[PDB]
Amino acid sequence: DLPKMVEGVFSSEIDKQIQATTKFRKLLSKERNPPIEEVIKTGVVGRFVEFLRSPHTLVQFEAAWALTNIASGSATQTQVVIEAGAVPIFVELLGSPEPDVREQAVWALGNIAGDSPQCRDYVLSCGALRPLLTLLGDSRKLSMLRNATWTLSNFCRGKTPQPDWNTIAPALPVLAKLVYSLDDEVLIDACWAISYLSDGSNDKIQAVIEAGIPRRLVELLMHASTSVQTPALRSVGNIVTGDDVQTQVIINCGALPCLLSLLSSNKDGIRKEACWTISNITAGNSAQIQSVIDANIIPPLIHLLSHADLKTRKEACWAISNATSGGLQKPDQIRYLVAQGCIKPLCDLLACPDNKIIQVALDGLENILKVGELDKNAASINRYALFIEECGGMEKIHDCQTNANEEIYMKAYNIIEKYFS
Amino acid sequence: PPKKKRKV
Amino acid sequence: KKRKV
């Protein structure tokens, strides 16, 4: 009975407080549709926050659990807990002598920070990160390690805005240790946290590298669980969006044979992100393109160019086109791409409704044509231009002149002028 | 990757 | 030349 429970919570006797708070905790823990709104309307949330400072650890714990579950709700329900002043006290409780209280405070802060980037930043501003990281280095209890890694991943999550970098960067040496966890849940959440932190400017990627994280990430690419593979792969993909030296760390850690394997993943999303990752490697220097070629990645990429879903094809298109960038330095790369059958699938992509894909396919084809012309002058026709012509490719380049954009139908015109006139 | 978790 | 998320 709710009114009697409220009466108990507003009592000054610890036993009545605990009995009533426990009843609220149980209400808020029910299987479906906890009556969070109803509980808030009774006005007990402020009392729960008071109980967090009680010398009786049991009422601390029960109140923390009730508050955790109120914060598991909507943005406005979470705001009720914030407004009541729970967060600075939860941060203090991360240093409680009682492990169950510490653990519940971790969970509450996870829920609150999980609500939004703004809530995340408020939690960080109250100094939650350092005591959380300390727990992650000290605890031997699996449930705590799991909960604290999850909460840490929420401290790292979000892009509107990203958290302050110097504020969150202390997480990296701790995450570097967590990716060696023997527990899959810790592994998954640590990898997700890294996937958030590694998405951004290259100084952030450098920080990830200097923490020593890439080597284990590359090893986790072949983890049995797709739930580990996915954020590990997103992280590796983020790192190769860096400069050539940063990208080379990933190659040197042995990622290319892993990436070859991941192209045959049973998960569409993994195949797609593997293609994306490879594309940012073939966006690299001549030696890095050569590494991808030497890793036997080009034939499966060309396969995926034609088969697989549109999102995967788009990524494969970038990968193959990027690899045509070295026609001046090492034209043998393009001649190999052509020998492996890249021309027809690139031409078929000229009818893609996405203008970005059209431009990228045209870029690759022009790069191909330049080498074909080069081969002609040393010999007498452009063999590649002939290839494009009889596969129906020339017509598709011709229809690109009515594209209405800019660098596309200009590109298409110049190609027809220089190669098909 | 849930953003929030309710305890029990 | 790199495409970030």
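Below, chain A is the first sequence line, B the second, and so on; all start at residue 1.
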> Nearest heavy-atom pair of A/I36 and A/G73: which atoms, and what distance?
Replying inline: CD1-CA, 4.1 Å
> Quick one: is the NZ or CZ of B/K5 closer than 6.0 Å to the six-membered ring centre of A/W150, and within 45° of its axis?
Replying inline: yes
> Can you find a pair of side-chain heavy atoms, one from A/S143 and one from A/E185, that are under 4.5 Å apart?
Replying inline: no
>> What I want to check is whether the side chains of A/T149 and A/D189 have a donor and an acceptor closer together than 3.5 Å.
In response: no
> Considering only heavy atoms from C-beta outward, does the side chain of A/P99 approach that of A/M144 to under 4.5 Å?
Replying inline: no
> Does a side chain donor of either A/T241 or C/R3 reach within less than 3.5 Å of an acceptor in the other side chain?
Replying inline: no
> If only atom types and distance count, is the side chain of A/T282 paired as donor or acceptor with the main-chain N or O of A/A319 below 3.5 Å?
Replying inline: yes
> If you measure only the distance, is there a donor-acceptor pair under 3.5 Å linking the side chains of A/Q17 and A/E13?
Replying inline: no
> What residues, two or more places apart in sequence or in another chain, satisfy ring pair (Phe, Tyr, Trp, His ring centres under 6.0 Å) together with A/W192?
Replying inline: none
> Less than 4.5 Å apart, any side-chain heavy atom of A/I239 and any of A/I213?
Replying inline: no
> Going through the checks in order, is the side chain to side chain contact (heavy atoms under 4.5 Å, CB included) test met by A/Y409 and A/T402?
Replying inline: CA-CA 6 Å; A/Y409 88 108; A/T402 74; over 6 Å; no
> Taking the side chain as C-beta and beyond, is there a heavy-atom pair between A/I209 and A/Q206 under 4.5 Å?
Replying inline: yes
> Counting N and O atoms only, with roles assigned by atom type, does the side chain of A/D243 sit under 3.5 Å from a partner on the main chain of A/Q246, one being a donor and the other an acceptor?
Replying inline: yes
> Of the non-hydrogen atoms in A/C156 and A/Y196, which two are nearest, and what is the gap between them?
Replying inline: O-CB, 3.4 Å
> Would you call A/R47-A/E50 a salt bridge at under 4.0 Å N-O?
Replying inline: yes
> How far apart are the closest heavy atoms of A/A295 and A/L260, and which atoms are they?
Replying inline: O-CD2, 3.5 Å
> Judged by atom type as modelled, is there a donor-acceptor pair below 3.5 Å linking the side chain of A/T78 to the main-chain atoms of A/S74?
Replying inline: yes
> Quick one: does A/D244's side chain have a donor or acceptor within less than 3.5 Å of a partner on A/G284's backbone?
Replying inline: no
>> Is it true that A/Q104 and A/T68 share a donor-acceptor pair across their side chains at a distance under 3.5 Å?
In response: yes
> Are any non-hydrogen side-chain atoms of A/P34 and A/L27 less than 4.5 angstrom apart?
Replying inline: no
>> Between A/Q288 and A/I251, does the side chain to side chain contact (heavy atoms under 4.5 Å, CB included) criterion hold? Intermediate values first, please.
In response: CA-CA 8 Å; A/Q288 285 169 341; A/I251 297 173; 3.7 Å; yes
>> I'd like to know if A/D399 and A/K396 make a salt bridge, using a cut-off of under 4.0 Å between side-chain N and carboxylate O.
In response: no
>> Using side-chain heavy atoms (C-beta onward) and a distance below 4.5 Å, is A/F90 in contact with A/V123?
In response: no
> Side chains of A/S29 and A/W65: donor-acceptor distance under 3.5 Å anywhere?
Replying inline: yes
>> Is any side-chain heavy atom of A/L129 closer than 4.5 Å to one of A/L152?
In response: yes
> Is any NZ, NE, NH1 or NH2 atom of the basic residue among A/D183 and A/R146 found under 4.0 Å from an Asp or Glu carboxylate oxygen of the other?
Replying inline: yes
>> Taking A/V106's backbone N and O only, do any of them form a donor-acceptor pair with A/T151's side chain (distance below 3.5 Å, no angle check)?
In response: yes
> Got a donor-acceptor contact below 3.5 angstrom from the A/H223 side chain to the A/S225 backbone?
Replying inline: yes
> Between A/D363 and A/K411, is there a side-chain N and carboxylate O pair less than 4.0 Å apart?
Replying inline: yes
>> Quick check on side-chain contact (heavy atoms from CB on, under 4.5 Å): which of A/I188, A/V228, A/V236 does A/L220 satisfy it with?
In response: A/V228
>> What verdict does the side chain to side chain contact (heavy atoms under 4.5 Å, CB included) test give for A/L135 and A/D138, after you've listed the backbone C-alpha separation in whole Å, the side-chain angles of each residue and the deciding distance to 0.1 Å?
In response: CA-CA 5 Å; A/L135 296 176; A/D138 285 6; 5.8 Å; no
>> Would you compute the distance between atom OG1 of A/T277 and atom NZ of A/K272 and round it to the nearest 0.5 angstrom?
In response: 9.5 Å
> Does one side chain, of A/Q60 or A/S96, offer a donor that lies under 3.5 Å from an acceptor on the other?
Replying inline: no
> Any donor-acceptor pair under 3.5 Å linking the side chain of A/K314 with the backbone of A/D309?
Replying inline: no
> Do you know the tightest heavy-atom contact between A/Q229 and A/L221?
Replying inline: NE2-O, 2.8 Å
>> Looking only at side-chain N and O atoms, does A/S306 offer a donor or acceptor that is under 3.5 Å from a partner on A/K344?
In response: no
>> I'd like to know if A/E219 pairs up with A/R216 as an ion pair, taking the criterion as any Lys NZ or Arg NE/NH1/NH2 lying under 4.0 Å from an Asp or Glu carboxylate oxygen.
In response: yes
>> Using a strict threshold of under 4.0 Å (side-chain N to carboxylate O), is an ion pair present between A/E7 and A/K16?
In response: no
> If every non-hydrogen atom of A/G158 is compared with every non-hydrogen atom of A/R120, which pair is closest and at what distance?
Replying inline: O-NH1, 3.4 Å
> How far apart are the C-alpha atoms of A/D199 and A/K159, what are their side-chain angles, what is the distance that settles it, and do they pass the salt bridge (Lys or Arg N to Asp or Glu O under 4.0 Å) test?
Replying inline: CA-CA 9 Å; A/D199 180 22; A/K159 295 183 73 174; 2.7 Å; yes
> When you look at A/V45 and A/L67, which way does the side chain to side chain contact (heavy atoms under 4.5 Å, CB included) test go after all the steps?
Replying inline: CA-CA 7 Å; A/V45 168; A/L67 290 169; 4.0 Å; yes
> Do A/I278 and A/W318 come within less than 4.5 Å of each other through their side chains, counting heavy atoms only?
Replying inline: no
> Within the distance-only criterion (no hydrogens, no angle test), does the side chain of A/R25 pair as donor or acceptor with the backbone N or O of A/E62 below 3.5 angstrom?
Replying inline: no
> ring pair (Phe, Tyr, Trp, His ring centres under 6.0 Å) with A/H303: which residues, sequence neighbours excluded?
Replying inline: A/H307
> Are any side-chain N or O atoms of A/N154 and backbone N or O atoms of A/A113, one a donor and one an acceptor, separated by less than 3.5 Å?
Replying inline: no
>> Would the distance check show the side chain of A/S139 and the main-chain N or O of A/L136 forming a donor-acceptor pair, the cut-off being under 3.5 Å?
In response: no
